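By convention in this document, chain letters (A, B, ...) are assigned in the order of the sequence lines, proteins followed by strands, and residues within each chain are numbered from 1. As the structure lists them, so they are numbered: ligands from 1, and atoms in each ligand from 1.
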Protein chains: 4
Amino acid sequence: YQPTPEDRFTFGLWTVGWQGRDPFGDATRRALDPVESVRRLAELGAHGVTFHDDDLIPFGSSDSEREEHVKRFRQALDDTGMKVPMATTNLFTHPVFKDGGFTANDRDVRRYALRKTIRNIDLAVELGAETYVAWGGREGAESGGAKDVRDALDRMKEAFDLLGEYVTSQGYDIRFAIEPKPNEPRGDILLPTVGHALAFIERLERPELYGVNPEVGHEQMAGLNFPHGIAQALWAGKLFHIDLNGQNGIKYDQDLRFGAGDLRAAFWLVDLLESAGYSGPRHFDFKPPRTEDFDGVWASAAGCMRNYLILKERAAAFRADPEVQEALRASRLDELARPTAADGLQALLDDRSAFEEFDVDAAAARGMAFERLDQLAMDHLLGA
Amino acid sequence: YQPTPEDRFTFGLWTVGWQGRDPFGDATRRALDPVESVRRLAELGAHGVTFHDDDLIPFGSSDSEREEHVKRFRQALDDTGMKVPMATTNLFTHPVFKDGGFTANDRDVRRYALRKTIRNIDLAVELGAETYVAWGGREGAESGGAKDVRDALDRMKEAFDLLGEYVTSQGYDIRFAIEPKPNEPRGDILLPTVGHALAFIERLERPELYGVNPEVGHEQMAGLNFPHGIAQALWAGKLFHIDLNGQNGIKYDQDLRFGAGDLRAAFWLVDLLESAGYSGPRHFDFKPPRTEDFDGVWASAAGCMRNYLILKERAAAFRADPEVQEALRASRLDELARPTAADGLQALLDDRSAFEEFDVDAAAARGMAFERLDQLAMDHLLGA
Amino acid sequence: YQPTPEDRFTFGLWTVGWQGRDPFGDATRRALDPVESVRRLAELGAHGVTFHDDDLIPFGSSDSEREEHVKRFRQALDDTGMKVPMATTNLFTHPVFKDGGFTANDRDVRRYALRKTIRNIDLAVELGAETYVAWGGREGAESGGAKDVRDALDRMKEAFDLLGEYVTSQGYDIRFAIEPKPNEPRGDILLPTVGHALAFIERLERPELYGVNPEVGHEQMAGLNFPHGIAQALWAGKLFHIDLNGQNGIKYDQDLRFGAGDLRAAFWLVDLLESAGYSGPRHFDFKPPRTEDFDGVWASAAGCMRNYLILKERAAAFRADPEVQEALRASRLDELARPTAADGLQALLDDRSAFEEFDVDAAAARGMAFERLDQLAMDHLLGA
Amino acid sequence: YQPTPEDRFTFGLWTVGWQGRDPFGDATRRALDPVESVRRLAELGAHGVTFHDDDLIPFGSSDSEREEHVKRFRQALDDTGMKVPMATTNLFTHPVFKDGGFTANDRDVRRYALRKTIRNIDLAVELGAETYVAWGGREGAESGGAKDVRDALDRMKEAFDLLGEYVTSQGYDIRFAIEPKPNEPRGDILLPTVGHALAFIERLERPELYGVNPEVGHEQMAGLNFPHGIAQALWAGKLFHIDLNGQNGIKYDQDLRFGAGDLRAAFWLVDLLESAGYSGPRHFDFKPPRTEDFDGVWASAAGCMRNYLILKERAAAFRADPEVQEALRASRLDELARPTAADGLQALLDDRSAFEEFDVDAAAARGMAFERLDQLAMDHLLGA
Ligand SMILES: [Mg+2]
Ligand SMILES: [Mg+2]
Ligand SMILES: [Mg+2]
Ligand SMILES: [Mg+2]
Ligand SMILES: [Mg+2]
Ligand SMILES: [Mg+2]
Ligand SMILES: [Mg+2]
Ligand SMILES: [Mg+2]
C-alpha cells in the first residue's frame with residue numbers, strides 16, 4: 001500500500017508542522033523548517049504541499065526577508081519534484097482578525113484583509129497553484145447582536161466579487177474554493193456547511209470561478225453525512241478541492257489522520273471520489289496529536305495515505321464483485337438511475353398505472369434488500 | 001399578549017391533532033375532527049390552518065367521501081373566517097413510501113408520489129393556499145450503498161421541475177417551499193439543511209417558483225444557528241414560509257411549543273423576522289406532549305402565540321432603546337453596513353492606508369464591546 | 001464466521017419482531033409469532049431469546065390466555081434448545097405510563113408499575129432467566145417544573161429497594177441490571193448514562209443485587225465513548241449484561257445492527273469484552289430497518305453475529321501480534337499497569353526524583369508513539 | 001440587581017485573566033496582574049477568587065520568588081476583604097502532562113503530578129481554601145489502544161486515595177471535588193460526566209472526603225440536562241462546589257458568561273440551588289470573549305453576577321405564586337413527594353387496587369397539565 005506522487009496526496013505545511021498548542025496547553029514540538037517538511041513529505045510519497053501565507057513568510061517580514069523565504073522554498077520544490085497545487089490566506093491568527101477579515105465590523109480591517117489576500121494570490125500563481133482556498137474561520141459571532149448576518153453576507157459577497165475581478169483583470173488561471181465550518185473558533189461561523197457555501201456561490205457575480213473545499217471533520221461537527229454532501233457538490237460541479245481527515249462525532253475539531261474517526265464514512269467517501277473520477281488533489285488537513293514526537297508526526301502522515309489506499313482497494317473490490325452488482329439490482333439502484341417520467345407531464349397524468357390502478361399494497365410489500373447489500377459492503381471493507 | 005387574526009398565526013391540523021403515538025408508545029388522545037380543530041383554533045386567535053392531504057381526506061377515500069370531507073371543512077372555514085395559506089402532501093406515512101416518494105428506488109413509486117402531490121396542489125389552489133410545502137422526510141438512507149445521491153438528486157430535480165411545469169401550465173398562483181431536515185425518520189435525509197435546499201433550488205429549471213420553509217427544531221438538530229440560517233434565506237429572497245417550534249439541542253425532533261427549547265434563539269429569530277418585515281404566516285409545527293389531555297393541547301397552542309408576542313415586544317423595545325442604539329454604534333454595526341470598497345478595486349490596491357501604512361496593532365487593540373451589547377439584549381429579554 | 005450457541009448470542013423478541021412503526025409511518029411488516037421467531041433464530045445459530053412481558057403475553061390477557069401463551073413459548077424452547085437468559089418489563093408502551101412507571105407523579109401508577117414488574121419476575125424465574133433488566137424509558141420530563149428530580153430519585157430508589165426485598169424474600173437467584181438512556185421518548189431521561197446508573201446503585205439498600213445493562217447506541221446518543229464506559233462498569237464489577245447494536249452519532253435511537261454505526265468503537269468494545277473475559281450474553285437490541293421484508297430481517301440478524309465474530313478474530317490477532325506487543329511497551333502501557341507509589345506516601349514525599357530533581361523537559365520530550373500503535377490497530381481491523 | 005459579598009460569587013484568576021489565545025489565534029489582551037484582578041473583582045461585588053498553582057506562581061519559580069508572589073497576593077486579599085474558598089492544580093498546560101498527570105502512562109510523570117498537587121494543597125490550606133478541585137483535563141485518549149481504562153482507573157483511584165491519606169495525616173480541614181468534562185483537550189476524557197465521577201467516588205477508600213464540582217457547559221457538551229445532574233449530586237450529598245457559565249449546545253467548550261447559552265436551563269438551575277439551600281460558592285469559570293478589551297472583561301464578569309440575581313428573583317417569584325402552587329398540585333408534584341408503598345411489600349402485594357382492580361384507562365386519561373405549568377414558568381422568567 002505504498003503511495004506514489006501519481007496518487008496526488010498533498011499536505012499543508014501547518015499539518016505536520018503543528019507544534020501542539022491547544023486551548024489548554026503549550027507546544028510539545030519544536031517548529032519545523034518548511035524546507036524540512038517538503039523533503040520529508042517527498043520521501044513518504046507525497047505529491048505536493050500547500051500553505052497559508054503566514055506559514056511560509058512570517059507575519060511582518062520585510063520584502064527582502066520575503067524574497068529569501070520564497071527562494072529557499074522554491075529550491076526544495078525543485079530538489080524534490082514537489083508541487084504546490086493550492087494556497088490560502090491566514091485571516092484568523094493575528095489579533096486584528098478577532099472579529100473576522102472579510103466580514104469584520106471595522107471597515108479598515110476588511111480592506112486590509114482583502115489586500116493581504118491579493119498579495120498571496122500573486123504568490124500562489126507564481127508557485128503554480130491552481131486552487132485558492134478561503135476558510136473564514138473568524139467570520140461569525142458569539143452573540144446575536146454582534147453581527148447582522150444579512151449585512152455580513154453583503155460584505156462577504158463584496159469581498160469575493162472583488163477577488164474575482166482581480167484574478168480576471170490579471171488574467172490568472174486560478175479558481176476559488178470556500179471551506180465551510182460550522183463553529184470553532186467562533187461560536188457560529190458564517191456559511192457553516194457545504195450547502196450554505198454552495199448556495200452563497202450562486203449569488204456571486206462570476207459563479208464559475210468559485211467552488212467548495214469541504215473537510216470531512218467539519219461537516220461531521222454538524223452531524224451531517226459527509227459523502228452525501230460531497231455527492232451534492234459533485235452534482236453541482238463545484239468540488240474543486242477536498243480536505244481529508246478524521247473526526248469522532250460532534251465536538252471540537254479534532255483533525256485526526258484520515259481513516260481515523262468514522263471509518264465507514266471514509267470508505268463511502270473513497271468509493272464516491274473514485275467512482276465519480278475526482279481528479280484533484282487528495283489533501284490532508286490533519287494534526288498529529290500533541291502526544292507525538294517527530295517520528296510520530298511522520299507515522300501519522302504516512303497513515304493518512306496508507307488508509308486512503310486500503311479503502312480504495314476495498315471500494316474497488318466491492319464495486320467489481322458480481323454478487324454486489326446483483327445485490328445492487330435487487331435493491332433497484334438501476335431504477336433510481338432511470339428517469340421518473342421521460343414520457344412527460346401529460347403522459348404521466350394520463351397514466352392510470354401511476355395512480356388510479358396502482359397497487360400500493362403490492363409495491364409496499366417489496367423489500368428493499370438494503371441490509372444484505374450493506375453487509376456485503378461491510379464484508380468487503382473488512383476483507384472477509 | 002392576546003393574539004388577533006392580524007398576527008397571522010397558523011397551525012397544522014396534525015399539530016393539535018397529534019394523538020401521541022411515539023416510537024415506544026400508543027396514542028394517549030382520541031383523534032380530533034378537523035372541523036373541531038378549526039373552531040377551537042379560531043377561538044384562540046389563530047388566523048388559519050394548514051394540512052397534509054391525508055390529514056383532511058383519509059387515505060384510500062372514495063371520490064364521494066373526498067367531496068364530503070372537503071365540504072365540511074370549507075363550511076368550518078366559512079363559519080370561522082379561518083384561512084388556509086399553505087398545504088402539503090403526506091409522502092411519508094404509508095408503507096409504500098418506505099424508501100421515499102420523489103427519490104424512491106422504485107420508479108413506479110416515484111410516479112405515484114408525483115400523481116398524489118398533483119392532486120393535492122389542485123385542492124390547495126381551490127382552498128386558497130399560496131404556498132405548497134414539500135418535506136421529503138423519507139428521501140434518504142440508513143446505509144451507504146442504498147442510495148446513489150447524485151442519481152437521487154437528479155430524481156428530486158426531475159420531480160420538482162415537473163411540478164413547476166404543472167403549476168405553470170394550469171396558470172396557478174402558488175409557490176413551492178422545501179422544508180429541510182437533517183435526519184429522522186431516515187438515518188440521513190437529503191437536503192439536510194437550509195443551505196443545501198437553497199443550493200438545490202438554483203439548479204431547478206424555474207428557480208423563481210421555489211423557496212424554503214425552514215423549521216426551528218430541524219436546523220437545531222444539526223447544531224446550527226437558526227437565526228443565521230434564516231438571515232441567509234432572507235438575503236437570497238427565498239424565505240417563503242417558516243415553521244416555528246422549540247427544540248432542546250441535538251436529539252430526536254421534539255416539536256416543542258414555540259418559545260420552549262432555546263429561548264434566546266427564539267428572541268433573535270423574532271427580532272430578525274420583525275426587522276426584515278417578513279410578511280408571511282407564522283406557522284407552528286409543534287406537538288403537544290403526549291402527557292397532556294385536550295385542555296393541555298389548547299394551553300400549549302395558546303402558549304405558542306403568547307410567546308411570539310412577548311418576544312416581539314421585547315425585541316422591539318431592544319431596538320428602540322437609545323442606549324442600545326449607542327451600543328450598536330460602539331460595536332460598529334453601522335460600519336458593517338457600509339461597503340468595504342465602493343471606491344473600486346484599483347483604488348483599494350493604491351490605498352496605502354489599507355496595507356502598507358495600516359497600523360494592525362492599533363486596530364487589534366480596539367475592543368468590540370460585544371459583551372455589553374449582549375447584556376443589554378439579555379436585560380431587555382428578561383424585562384430588567 | 002458461523003455462530004454456534006456457545007457464542008452466547010441472544011436477541012429480544014421485539015427486535016426481529018419490530019413491525020416498522022416509527023414516529024412518521026405505519027408498520028411495514030406483519031407481526032411475528034414469538035414461536036416462529038424462536039425457531040428462526042435457533043436456525044441462525046442464536047443461543048437464546050429475551051422478552052418484555054407484553055411481547056409474550058398481550059396486555060390485558062386473561063390468566064387462561066396467559067397460560068396458553070407461556071406453554072406454546074416453552075414448547076418452542078424445548079424443541080429448539082433455546083434459553084431465556086434475561087427478561088424485562090414493558091413500562092413504556094401503555095398510555096398509563098405516559099409520565100413514567102416507577103417515578104410517575106401519580107402514586108397509584110407507581111404502585112401498578114411495581115405490581116406489573118413483580119408478576120413478570122416470577123415468570124422470568126420460571127423460564128430460567130438470570131438477569132432482570134429495567135429500562136426506565138418514561139422516567140423523565142420534557143419541562144423543568146414537571147419533575148422534582150430529587151423526589152423522583154427517592155421514588156426510583158424506593159421501587160428498586162422493594163424489588164430487591166421481593167427477590168430476597170422469595171429466595172430467587174436473579175440479579176437486576178439498569179439500562180441507561182439519555183433521552184427518547186422523554187426529553188431527558190433519569191439516570192441518562194452508565195455513570196449515573198452506577199452512582200445510583202451505590203445508594204440502594206442491597207447494592208450487590210444491581211448492575212448495569214449498557215447499550216452501545218444509548219451512550220453514543222450523548223457523544224460518549226462506549227468502550228470507556230464499559231471499562232468503568234467492569235472496573236466496578238457491575239457489567240451484568242450488555243446490549244449490542246449500532247448508532248451513527250448524536251440523533252434519534254437508530255438501533256442499527258451491530259457493526260453498523262461506529263465500526264472502530266465496535267472493534268474496541270469486542271477487544272475489551274474478550275480481554276476482560278466477559279461471560280454473559282451478547283444480546284442484540286436492534287431493529288431491522290423498516291425498508292426490509294422478512295428475508296431482510298433475518299439477514300440483518302445474521303449480520304449482527306457475523307460482525308461480532310469478524311471483530312473478535314481481528315482483535316485477537318491484534319493482541320497476539322508480537323509487533324503490537326512491542327508497540328504497547330513503546331507506548332508504556334506496561335507502566336500504566338504498575339502502581340504509582342506502592343512505596344507509600346512518606347516515601348513519595350521524600351523522593352527527590354519525583355519533584356526536586358525530576359527533569360520535566362526530558363520527560364516532556366518523550367513521544368508516546370500512539371499513532372504508530374493506532375495504525376497497527378487499523379491495519380489489523382482491515383486485514384491489511 | 002447589585003451583588004454583595006454575601007451572595008458568595010467567586011471567580012478564577014484564569015477567567016478574567018484569559019488572554020484570548022485559542023487554537024487558531026494569538027492573545028488579544030495583555031496579562032493581568034493577579035493583584036489587579038483581586039482589586040477589580042472586589043469593586044464589582046465579588047466575594048472571592050480561586051486559582052491554579054500556576055496562575056499564582058509561575059511554573060519553575062524559585063522558592064524565594066514563590067514567597068514574594070504569595071505575599072503580594074495575601075496583601076491584596078487583606079486590602080480588599082476577598083476570600084479564597086477553592087484552589088486547584090494545573091496538571092494540563094505543561095508539555096510533561098501531555099498524556100495526563102494522575103493517569104499518564106509514564107510512572108515518573110504520575111509521581112510528579114502527585115507531588116505538584118500536594119505542594120499546592122499546603123498552600124491552599126494556608127490561604128483558607130475549604131475545597132480543592134481536580135480537573136483531569138489530560139486524563140484520557142485520542143485512540144483506543146493508548147489507554148487501558150481499567151488500569152487508568154486504578155491509577156486515578158491510587159492518586160486520590162494518596163491525597164486523602166495526606167490531608168488526613170496533616171489534619172487539614174479540606175475536601176476534594178472532582179470536575180468532570182466529556183472531552184477537550186483529549187478526544188475522550190476519563191470520568192466524563194457527573195454520574196461517572198459520582199460512581200468513581202464510591203470506590204475510593206475515604207468516600208466522605210470527595211464530591212463533585214460540576215460545570216454547566218461541560219455537561220451540556222454531552223447534551224445532558226444540567227439541573228437534572230445537579231439534582232442527582234445533591235441527592236447523593238456530593239455537591240461540594242459548582243462552576244457556572246454558559247454553553248450553546250454540543251461543540252467546543254465556550255465558557256460563555258453565566259446566563260448566556262441555555263437561558264432556561266440557567267433558570268431551572270438557580271431555582272434548584274436556591275430551593276435546596278446550596279450554601280457554597282457560586283463560582284464562575286468563564287472566558288470573556290477574545291473580541292473584548294479590558295472594559296469588556298469587567299462588563300462580562302459583572303453580567304455573570306447580574307444574571308444570577310435576576311434569575312434568583314424570577315425563580316423565587318415563580319415558587320411564591322399561589323397560581324403556580326395550585327398548578328404544581330394539579331400536576332401532582334405533591335404526590336411524587338409521597339412514598340409509593342410506605343405500607344410495605346406485603347401490603348402492596350395484597351392490595352387489589354394496585355393491580356387486579358386498577359382502572360388503567362381511567363388513570364391513563366388524566367392529563368398531567370405540564371404545559372400550563374411550564375407556560376407559567378415562562379411567564380415568570382420573562383416578567384410577563
Ligand atoms: Mg478541521
Ligand atoms: Mg481544512
Ligand atoms: Mg420537527
Ligand atoms: Mg415542519
Ligand atoms: Mg436503543
Ligand atoms: Mg436496549
Ligand atoms: Mg469549560
Ligand atoms: Mg470549570
Side-chain angles (χ1 to χ4, degrees), chain A residues 10-15 18 50-52 86-88 90 92 131 133-137 177-182 184 189 194 197 212-221 226 241-247 253-256 258 281-287, chain B residues 23-24 251-252, chain C residues 10-15 18 22 50-52 55 86-88 90 92 131 133-137 177-185 189 192 194 197 212-222 226 241-248 251-258 260-261 281-287, chain D residues 23-24:
Chain A
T10 58
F11 292 81
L13 287 179
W14 68 91
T15 65
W18 185 61
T50 66
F51 69 94
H52 301 83
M86 179 271 279
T88 185
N90 186 325
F92 48 88
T131 307
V133 165
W135 174 59
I178 293 171
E179 179 172 349
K181 190 181 189 188
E184 201 208 39
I189 294 175
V194 161
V212 287
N213 176 48
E215 177 171 312
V216 176
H218 293 180
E219 302 298 297
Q220 297 181 343
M221 287 168 74
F226 188 69
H241 196 272
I242 201 170
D243 277 0
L244 302 175
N245 66 6
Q247 174 74 16
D253 189 27
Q254 299 191 285
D255 287 341
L256 306 170
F258 184 63
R282 283 76 169 159
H283 181 254
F284 301 104
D285 185 11
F286 86 115
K287 288 174 170 56
Chain B
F24 299 103
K251 54 165 62 69
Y252 73 95
Chain C
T10 58
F11 292 81
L13 287 179
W14 68 91
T15 65
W18 185 61
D22 69 22
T50 66
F51 69 94
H52 301 83
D55 292 328
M86 179 271 279
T88 185
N90 186 325
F92 48 88
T131 307
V133 165
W135 174 59
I178 293 171
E179 179 172 349
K181 190 181 189 188
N183 67 75
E184 201 208 39
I189 294 175
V194 161
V212 287
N213 176 48
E215 177 171 312
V216 176
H218 293 180
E219 302 298 297
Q220 297 181 343
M221 287 168 74
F226 188 69
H241 196 272
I242 201 170
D243 277 0
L244 302 175
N245 66 6
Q247 174 74 16
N248 284 298
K251 54 165 62 69
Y252 73 95
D253 189 27
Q254 299 191 285
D255 287 341
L256 306 170
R257 82 189 185 277
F258 184 63
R282 283 76 169 159
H283 181 254
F284 301 104
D285 185 11
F286 86 115
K287 288 174 170 56
Chain D
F24 299 103

Restricting to N, O or S atoms, which atom of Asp253(C) is closest to the Mg ion (ligand 5)? OD2
Output yes when a side-chain donor or acceptor of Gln247(C) lies under 3.5 Å from a complementary backbone atom of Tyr252(C), and no otherwise. yes
Using a 3.5 Å distance criterion without hydrogens, assess whether the side chain of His241(A) forms a donor-acceptor pair with backbone atoms of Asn213(A). no
Passing option when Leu244(C) is tested against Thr10(C), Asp285(C), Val216(C) for side-chain contact (heavy atoms from CB on, under 4.5 Å): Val216(C)
Verdict with supporting geometry, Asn90(C) and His52(C), side chain to side chain donor-acceptor pair (under 3.5 Å): CA-CA 6 Å; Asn90(C) 186 325; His52(C) 301 83; 5.6 Å; no
CG/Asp253(A) to CD/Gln220(A) distance, rounded to the nearest 0.5 angstrom? 10.5 Å
Would you check if the side chain of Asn245(C) reaches a backbone N or O of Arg257(C) as a donor-acceptor pair within less than 3.5 Å? no
Listing by chain and number, which protein N, O or S atoms are under 2.8 Å from the Mg ion (ligand 2)? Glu179(A) OE2, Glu215(A) OE1, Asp243(A) OD2, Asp285(A) OD2
